[PDB]
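K.L.:
Next input, structure requested:
(3 chains)
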Amino acid sequence: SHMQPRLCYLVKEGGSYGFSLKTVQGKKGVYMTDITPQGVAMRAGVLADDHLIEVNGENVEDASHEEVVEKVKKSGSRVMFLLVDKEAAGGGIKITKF
Amino acid sequence: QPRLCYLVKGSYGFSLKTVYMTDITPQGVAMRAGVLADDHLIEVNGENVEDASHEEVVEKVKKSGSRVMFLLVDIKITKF
Amino acid sequence: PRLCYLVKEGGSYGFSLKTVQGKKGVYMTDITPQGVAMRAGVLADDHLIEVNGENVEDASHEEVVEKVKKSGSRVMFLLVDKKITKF
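P.N.:
Numbering: from 1, shown residues only, chains lettered A, B, ... in the order given. This is the structure:
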């Protein structure tokens, strides 16, 4: 659930990075999904429903699905992501103990 | 196994539930089109709706108006 | 709908209140195992409808916190627990 993002460096192997990018209804930017077991992404620390903040140092928080795909395709055989998890990417939560 | 159902309305006598059939009104058009409770919608008017949302499938049915066909059985994603 | 009458044990009721950005309502969370709230039948993600007979459906996190604080060592909740289109 952390407010400490992950830096994940992926090198393509066997023709695939082992992730898919999706959009989510009424949410900005793009998200990881379909993290293949033992694939490059899972091995690099990528998590399902991670939210992409940066691709190779470039902010993608406000980018379209297509923009991010292009950015990742332009990267070729290696790519770096700055990622925050599903819980960080959700709406803020206030909790008071009683 | 899949059935083709062609419904002519001014109501159809079924409800969509999340997509699935439900509220099949006794002796109505959907019931007598062959529609059964909890049918899974595979297609509407030839278009697959297996991965469709509730809203998407609702608008597709409203869009064909007074007549509709279902194939029944009793978001962007890019892969890298 | 459950009506729950809670009495503090060791200075705690064994629940926390939660609100989420984008979501209307105040909710129960963090129900301490075998605490007061758990023993009164309170459930995680219960939506608060009333506190001591005042509706709090439109109320802020902080309004509801104060309302619970103000009844002291006992408090009552009205609670409810956490698509079809016709053609």
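K.L.:
any idea how far chain B is from the residue of chain A found nearest chain C?
P.N.:
When distances are taken as Cβ to the nearest Cβ, chain A approaches chain C most closely through residue A:91, which lies 3.5 Å from it. To be clear about C-beta, it is placed using only N, CA and C from the backbone, and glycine gets the same treatment. Computed as Cβ to the nearest Cβ, to the nearest Å, the residue A:91 to chain B distance reads 20 Å.
K.L.:
ok, now which ones touch that residue?
P.N.:
With contacts taken as Cβ atoms under 8 Å, 6 or more residues apart in numbering or on different chains, residue A:91 has the following neighbours: C:20-23.
K.L.:
Once you drop chain neighbours, what's closest to it?
P.N.:
In this structure, residue A:91 finds its nearest non-sequential neighbour in residue C:21, 3.5 Å apart by Cβ to Cβ, 6 or more residues apart in numbering or on different chains.
K.L.:
quick revisit: mind checking which of the contacts of residue A:91 land in helices?
P.N.:
Counting by DSSP state H, no part of these is found in helices.
K.L.:
Pick out the most distant pair among those.
P.N.:
Taking Cβ to Cβ, the two most distant members of those are C:21 and C:23; they sit 7.3 Å apart.
K.L.:
Now do stretch A:27-46: distance from first to last residue.
P.N.:
Distance between the boundary residues of stretch A:27-46 (Cα to Cα, to the nearest Å) amounts to 20 Å.
K.L.:
Would you indicate which residues of that stretch are buried?
P.N.:
By 16 or more other Cβ atoms under 10 Å in any protein chain shown, the buried positions in stretch A:27-46 come out as A:29-36, A:39-41, A:43-44, A:46.
K.L.:
Of those, which belong to strands?
P.N.:
Using DSSP state E to define strands, the subset of these located there is A:31-33.
K.L.:
Just give me the closest of the contacts of residue A:91 to chain A.
P.N.:
Proximity to chain A was ranked across those by Cβ to the nearest Cβ; first place goes to residue C:21, at 3.5 Å.
K.L.:
Report the central residue of chain A.
P.N.:
residue A:52 (3.7 Å; Cα atoms, centre = their mean).
K.L.:
just checking, it touches residue A:81?
P.N.:
Yes - applying Cβ atoms under 8 Å as the test, residue A:52 and residue A:81 come out as touching, 6.0 Å apart.
K.L.:
what do the two both touch?
P.N.:
Taking Cβ under 8 Å, 6+ apart as the contact rule, residue A:52 and residue A:81 touch no residue in common.
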